[PDB]
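Asker: Please see the structure below; I have some questions.
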Amino acid sequence: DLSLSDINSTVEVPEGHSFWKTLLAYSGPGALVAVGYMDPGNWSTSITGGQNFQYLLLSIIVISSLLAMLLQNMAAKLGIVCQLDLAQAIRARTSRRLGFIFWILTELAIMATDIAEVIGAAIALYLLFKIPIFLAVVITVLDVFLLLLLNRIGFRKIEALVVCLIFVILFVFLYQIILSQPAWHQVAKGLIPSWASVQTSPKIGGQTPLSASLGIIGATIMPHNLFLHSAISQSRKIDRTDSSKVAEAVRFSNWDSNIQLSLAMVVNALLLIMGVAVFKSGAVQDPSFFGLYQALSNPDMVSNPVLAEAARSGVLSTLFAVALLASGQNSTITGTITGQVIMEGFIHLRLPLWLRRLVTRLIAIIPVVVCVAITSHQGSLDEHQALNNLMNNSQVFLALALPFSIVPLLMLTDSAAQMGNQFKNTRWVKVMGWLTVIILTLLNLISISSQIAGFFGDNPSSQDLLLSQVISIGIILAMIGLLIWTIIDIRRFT
Ligand SMILES: CCCCCCCCCCO[C@@H]1O[C@H](CO)[C@@H](O[C@H]2O[C@H](CO)[C@@H](O)[C@H](O)[C@H]2O)[C@H](O)[C@H]1O
């Protein structure tokens with residue numbers, strides 16, 4: 001009846017004021033959440049944003065990472081204080097049909113992330129081991145056994161294995177930046193919140209600064225990682241009776257989370273400056289993982305004689321594919337954990353880790369093998385580009401499930417009927433939190449129409465355009481009705 005019953009309140013190791021050892025003990029949760037923010041679903045957009053705007057968009061990465069740290073810390077607070085996850089709070093404060101809608105929506109979100117991870121991992125196999133594209137996918141389906149071995153390890157090592165992956169993809173991209181020797185003064189200048197990123201005038205590669213910036217801001221948080229953080233934050237036992245101990249517990253998980261999401265922000269920065277310093281100006285014509293592989297393996301695409309010799313040897317691209325693998329491993333852990341959370345929290349369905357990863361991975365690979373089937377039926381022509389368009393079109397479910405995850409979080413944590421007059425949010429985070437939630441909800445409701453129209457490809461059928469307008473209006477209005485309904489129920493609780 002409590003979230004993550006297998007590992008809930010497992011190891012509590014606060015020892016007086018021995019803080020940093022106490023930090024070492026529970027540092028696990030934050031990395032599990034952050035590694036999701038390094039998935040290859042936006043690797044191209046950081047490199048593309050770098051080529052189109054050298055170092056300019058680095059500040060937007062910082063701001064987005066700050067907002068994500070805010071909402072993530074809020075979810076961790078709900079888990080720590082209330083000893084229950086975000087799904088259990090929402091489901092307890094609304095009916096079952098709303099918990100079911102939220103369930104299917106978040107299932108679709110983690111499914112979209114899973115589609116990104118299976119595409120990137122399968123392509124990683126096609127690049128590293130030269131496995132055929134159709135075989136690499138059905139090889140990625142075998143991660144259920146890696147989950148069986150994953151199940152016996154334990155969170156003191158699982159949450160450290162996630163750290164291992166994090167520093168794998170962090171050192172892979174940092175290594176190609178170390179060889180690049182970039183002008184770190186222009187990087188510093190880029191990290192400062194300037195107003196050139198909010199303008200619309202450069203328009204390089206069909207992208208204005210305001211468009212790229214508003215995209216980075218719009219894709220700030222992942223809805224499933226909120227429920228994830230609120231569930232994993234409970235894995236540390238707390239007496240819930242000593243205010244200094246729970247205040248300490250909140251400091252604990254906060255410093256953890258920021259320590260990890262800061263690493264994710266560093267990875268995004270390494271991707272942008274990877275697009276600025278490593279690649280030549282405009283060398284990336286194919287945002288696909290294969291396009292970045294050949295672009296990282298062509299000496300004329302780099303901007304340094306050392307990167308040309310290393311690229312000719314063939315180490316820059318292989319490291320890239322390794323990073324693709326390490327990123328593709330994340331949805332196997334966090335997808336199963338979060339899927340359990342939203343399942344047994346929203347619809348009260350107790351399912352094992354066996355059938356969970358099976359169903360999610362199958363539903364994820366069905367459109368992948370359909371796409372590979374059609375493109376290989378066209379002669380393996382534009383097969384990687386179509387996989388990239390599938391990966392990008394999948395991310396609409398995140399925009400569908402985002403408001404119903406950030407709005408109830410902010411409400412339930414801002415009410416004293418859930419946190420109490422002692423641990424509710426400061427007036428400082430009330431303003432920043434509501435500002436962030438409003439901005440993200442508006443931006444994603446804007447993204448709905450763009451992605452729904454993007455389903456019909458770059459070929460704008462005049463009759464299908466109006467249909468995309470009707471469907472978009474219907475979807476955003478339906479999300480408005482669901483949103484005001486949820487607002488009404490939660491505010492009835494408070
Ligand atoms: C597209 C146009 C964009 C315009 C952007 C303008 C930004 C306005 C910021 C408003 O700030 C919040 O608005 C909530 C609504 O009025 C207030 O009530 C809130 O009060 C509690 C939080 O303190 C919550 O628990 C409640 O659910 C909620 O009603 C809340 O006090 C306040 O901080």
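Chain lettering (A, B, ...) mirrors the order of the structure tokens, residue numbering begins at 1 for each chain separately, and ligand numbering begins at 1 in order of display.
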Determine, counting only C-alpha atoms, which protein, DNA and RNA residues have an atom within 9 Å of an atom of residue 39 (chain A); residues of the same chain fewer than 2 positions away are not included. Present the result as a PyMOL selection string.
Answerer: chain A and resi 35-37+41-43+113+116-117+120+324+327-328+330-331
Asker: Would you output that residue set with N, CA and C atoms, as a compact mmCIF listing (two decimals), in the first residue's frame?
Answerer:
```
# COMPACT_ATOMS: atom_id res chain seq x y z
N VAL A 35 20.21 10.84 -15.01
CA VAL A 35 20.66 10.09 -16.19
C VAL A 35 19.59 10.09 -17.27
N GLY A 36 18.32 10.22 -16.88
CA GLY A 36 17.26 10.36 -17.86
C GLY A 36 17.37 11.64 -18.66
N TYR A 37 17.87 12.71 -18.06
CA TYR A 37 18.03 13.98 -18.74
C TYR A 37 19.24 14.00 -19.66
N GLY A 41 17.51 11.76 -26.98
CA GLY A 41 16.35 12.41 -27.57
C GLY A 41 16.56 13.87 -27.93
N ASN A 42 17.56 14.53 -27.33
CA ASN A 42 17.85 15.93 -27.63
C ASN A 42 19.34 16.15 -27.86
N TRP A 43 20.09 15.09 -28.16
CA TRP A 43 21.52 15.26 -28.43
C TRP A 43 21.76 16.08 -29.69
N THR A 113 10.06 8.04 -24.25
CA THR A 113 11.46 7.94 -23.84
C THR A 113 12.03 6.58 -24.21
N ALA A 116 12.91 6.47 -27.83
CA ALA A 116 14.19 7.13 -28.05
C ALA A 116 15.36 6.23 -27.66
N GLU A 117 15.25 5.55 -26.51
CA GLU A 117 16.36 4.74 -26.03
C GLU A 117 16.57 3.49 -26.87
N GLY A 120 18.20 4.75 -30.20
CA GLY A 120 19.59 5.11 -30.01
C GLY A 120 20.48 3.92 -29.68
N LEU A 324 25.88 6.33 -26.93
CA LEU A 324 24.52 5.95 -27.31
C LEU A 324 24.06 4.72 -26.53
N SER A 327 23.49 5.62 -22.80
CA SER A 327 22.25 6.37 -22.65
C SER A 327 21.03 5.47 -22.84
N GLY A 328 21.10 4.55 -23.81
CA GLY A 328 20.02 3.62 -24.06
C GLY A 328 19.77 2.62 -22.95
N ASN A 330 19.27 3.42 -19.86
CA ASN A 330 18.63 4.06 -18.71
C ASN A 330 17.15 3.69 -18.60
N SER A 331 16.44 3.65 -19.73
CA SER A 331 15.01 3.38 -19.70
C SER A 331 14.69 2.00 -19.15
```
Asker: So which residues are near ligand 1, meaning at most 6 Å away with only C-alpha atoms and all ligand atoms counted, given back as an MDAnalysis selection string?
Answerer: chainID A and resid 411 414:415 430:431 434:435 491
Asker: Identify, on the basis of only C-alpha atoms, every residue whose closest approach to residue 309 (chain A) does not exceed 9 Å; exclude the query and any residue fewer than 5 positions from it along the same chain; express the result as a list in words.
Answerer: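 After dropping sequence-adjacent residues, the list is residues 299, 304 and 314 of chain A.
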Asker: What gap, in Å, lies between CA of residue 259 (chain A) and CA of residue 23 (chain A)?
Answerer: 10.6 Å
Asker: Restrict the calculation to only C-alpha atoms, then for each residue of region 155-243 of chain A with any atom at most 10 Å from an atom of region 381-401 of chain A give the closest atom pair and their distance in Å to one decimal, rows by chain and rising residue number, as CSV.
Answerer:
```
residue,atom,partner,partner_atom,distance
A:218,CA,A:399,CA,8.7
A:219,CA,A:399,CA,8.4
A:221,CA,A:398,CA,9.1
A:222,CA,A:398,CA,6.8
A:223,CA,A:401,CA,6.6
A:224,CA,A:398,CA,8.6
```
Asker: So which residues of region 155-310 of chain A fall under alpha helix (DSSP H) by DSSP, listed as a PyMOL selection string?
Answerer: chain A and resi 155-178+184-190+209-218+223-232+243-273+289-296+305-310
Asker: Hey, what's within 12 Å of residue 334 (chain A) if we count only C-alpha atoms and toss same-chain stuff fewer than 4 positions away? As a count of residues only, please?
Answerer: 41
Asker: Tell me which protein, DNA and RNA residues are within 10 Å of residue 256 (chain A), counting only C-alpha atoms, leaving out same-chain ones fewer than 3 positions away, and put them as a PyMOL selection string.
Answerer: chain A and resi 23-24+26-31+73+250-253+259-262
Asker: Could you dump the residues just selected with C-alpha atoms as a PDB file, in the first residue's frame?
Answerer:
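This is the output file again_31.pdb:
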```pdb
ATOM      1  CA  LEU A  23      25.650  12.394   1.616  1.00  0.00           C
ATOM      2  CA  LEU A  24      27.587   9.439   0.185  1.00  0.00           C
ATOM      3  CA  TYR A  26      21.825   8.280  -0.240  1.00  0.00           C
ATOM      4  CA  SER A  27      23.399   9.945  -3.281  1.00  0.00           C
ATOM      5  CA  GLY A  28      21.717   7.237  -5.358  1.00  0.00           C
ATOM      6  CA  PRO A  29      18.282   8.712  -6.127  1.00  0.00           C
ATOM      7  CA  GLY A  30      19.524  11.907  -7.783  1.00  0.00           C
ATOM      8  CA  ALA A  31      21.659  10.088 -10.350  1.00  0.00           C
ATOM      9  CA  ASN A  73      13.388  18.984  -5.651  1.00  0.00           C
ATOM     10  CA  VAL A 250      15.360  17.562   2.562  1.00  0.00           C
ATOM     11  CA  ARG A 251      18.793  19.220   2.476  1.00  0.00           C
ATOM     12  CA  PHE A 252      20.198  15.715   1.849  1.00  0.00           C
ATOM     13  CA  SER A 253      18.101  14.878  -1.214  1.00  0.00           C
ATOM     14  CA  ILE A 259      24.856  17.384  -7.697  1.00  0.00           C
ATOM     15  CA  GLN A 260      23.515  15.041 -10.385  1.00  0.00           C
ATOM     16  CA  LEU A 261      21.275  17.280 -12.525  1.00  0.00           C
ATOM     17  CA  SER A 262      24.262  19.633 -12.585  1.00  0.00           C
TER      18      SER A 262
END
```
Asker: Work out how far CA of residue 412 (chain A) is from CA of residue 82 (chain A), in Å to one decimal.
Answerer: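 One can read the CA of residue 82 (chain A) to CA of residue 412 (chain A) distance as 10.4 Å.
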Asker: For a test of reading the model, state the distance in Å between CA of residue 408 (chain A) and CA of residue 423 (chain A), rounded to one decimal.
Answerer: 17.0 Å
Asker: List the spatial neighbours of region 48-58 of chain A as a ChimeraX atom specification - criterion: any atom at most 6 Å away, only C-alpha atoms, same-chain residues fewer than 4 positions off excluded.
Answerer: /A:44,187,190-191,204,272,275-276,281
Asker: Keeping C-alpha atoms for every residue in the selection just given, could you write it to a file as a short mmCIF file (atom, residue, chain, number, x, y, z; two decimals), in the first residue's frame?
Answerer:
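Okay, this is what ended up in again.cif:
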```cif
data_model
loop_
_atom_site.label_atom_id
_atom_site.label_comp_id
_atom_site.auth_asym_id
_atom_site.auth_seq_id
_atom_site.Cartn_x
_atom_site.Cartn_y
_atom_site.Cartn_z
CA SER A 44 21.13 16.57 -31.98
CA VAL A 187 32.04 29.59 -23.51
CA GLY A 190 27.90 32.19 -23.59
CA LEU A 191 26.87 30.93 -20.15
CA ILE A 204 20.40 29.99 -38.99
CA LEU A 272 26.52 22.35 -27.47
CA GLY A 275 28.57 21.36 -31.94
CA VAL A 276 30.59 24.58 -31.79
CA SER A 281 30.29 25.42 -39.06
#
```
Asker: So which one's closest to residue 165 (chain A), A:264, A:292, A:179, A:214? Using only C-alpha atoms, please.
Answerer: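 Checking each candidate against residue 165 (chain A), we get A:264 as the closest.
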Asker: Using only C-alpha atoms, which of A:126, A:354, A:428, A:134 sits nearest residue 290 (chain A)?
Answerer: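 Checking each candidate against residue 290 (chain A), we get A:126 as the closest.
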Asker: Measuring between only C-alpha atoms, which one of A:463, A:213, A:298, A:303 shows the shortest distance to residue 62 (chain A)?
Answerer: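 Among the listed residues, the smallest separation from residue 62 (chain A) belongs to A:213.
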Asker: Tell me which protein, DNA and RNA residues are within 9 Å of residue 235 (chain A), counting only C-alpha atoms, leaving out same-chain ones fewer than 5 positions away, and put them as an MDAnalysis selection string.
Answerer: chainID A and resid 4 7:12 26 29 80
Asker: Which one is closest to residue 312 (chain A): A:296, A:88, A:283, A:164? Count only C-alpha atoms.
Answerer: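 Looking at the shortest contact to residue 312 (chain A), the residue is A:296.
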Asker: Nearest residue to residue 242 (chain A) out of A:181, A:422, A:459, A:318, using only C-alpha atoms?
Answerer: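 Distance minimum relative to residue 242 (chain A) lands on A:422.
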Asker: Between A:493, A:161, A:478, A:14, which residue has the minimum interatomic distance to residue 245 (chain A), considering only C-alpha atoms?
Answerer: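 Among the listed residues, A:14 lies closest to residue 245 (chain A).
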